[PDB]
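Just one chain follows, in the form solved without the partner chain, and it is written as structure tokens.
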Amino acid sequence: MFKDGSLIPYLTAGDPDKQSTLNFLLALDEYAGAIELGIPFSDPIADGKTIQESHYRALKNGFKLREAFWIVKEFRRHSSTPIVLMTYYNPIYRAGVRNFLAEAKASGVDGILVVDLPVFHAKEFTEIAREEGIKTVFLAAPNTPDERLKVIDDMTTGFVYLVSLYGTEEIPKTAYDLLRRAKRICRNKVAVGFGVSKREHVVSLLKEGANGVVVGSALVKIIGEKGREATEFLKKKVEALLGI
């Protein structure tokens, strides 16, 4: 969904408020090859400490599901940059799969990633996403075996998202191994979310085959610390990470 060598910012919708999120997105659009917009959830058990807290902040401050569509719709007035909606299954499921995807598409969403999509619903979900014109983005972690990477790659229409809970301040070997294994199996492009925080992490990861590098924790950390005034600092972090 994105150009090779793309830096893909991840932001939590509604952190601290939907307007600030829109402001951060626009300030970073010029450096992004694609963007991940996360829908806050009460139990984000698949995320790291940093991103879990942003989910808590968002919800406390009163984030509402469709405020995410607002952010996308408004962003779309100024940009065509690919947008991936990252969410937990619960919200989609509780609102009606097709209803959610149909609504997401209308706002401007290009792809969707369901962190905890039950394998039982895998098939049905992908079939509906396609019918609704939404590309699928599936996640894989260091404990994902080759046979599963393949199954994941065969269902993916957007790109394969490789994650690593390890954290760092070095990218663990288990992370690099996951990347190495994926590039040897995926026909789809892969993006990596290994918690980058330094320029060398970006260079390294792209040199090892990551088509794109996501930057989420690094940005969310600054937003938890600067609230609405995170914008300027976000722009600098991304530049540092981009070697500019």
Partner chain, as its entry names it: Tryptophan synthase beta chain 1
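Numbering follows the first chain given and starts at 1.
Another form exists, deposited with the partner chain bound; not displayed. Remarks below refer to it.
The putative spot formed by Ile223, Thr231 and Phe233 is not touched by the partner chain in the deposited bound form; no residue has a non-hydrogen atom within 4.5 angstroms of it. In the deposited bound form, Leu139 approaches the partner chain with a heavy atom inside 4.5 Å. In the deposited bound form, the partner chain sits within 4.5 Å of a heavy atom belonging to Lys64. Using a 4.5 angstroms limit between non-hydrogen atoms, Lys105 is distant from the partner chain in the deposited bound form.
Proximity of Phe194 to the partner chain in the deposited bound form falls outside the 4.5 Å heavy atom cutoff.
None of 124 to 132, 144 to 152, 97 to 105, 71 to 79 except one has non-hydrogen atoms within 4.5 angstroms of the partner chain in the deposited bound form; the exception is 144 to 152. Interface residue among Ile185, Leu28, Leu59, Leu206 relative to the partner chain in the deposited bound form, by the heavy atom within 4.5 Å criterion: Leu59.
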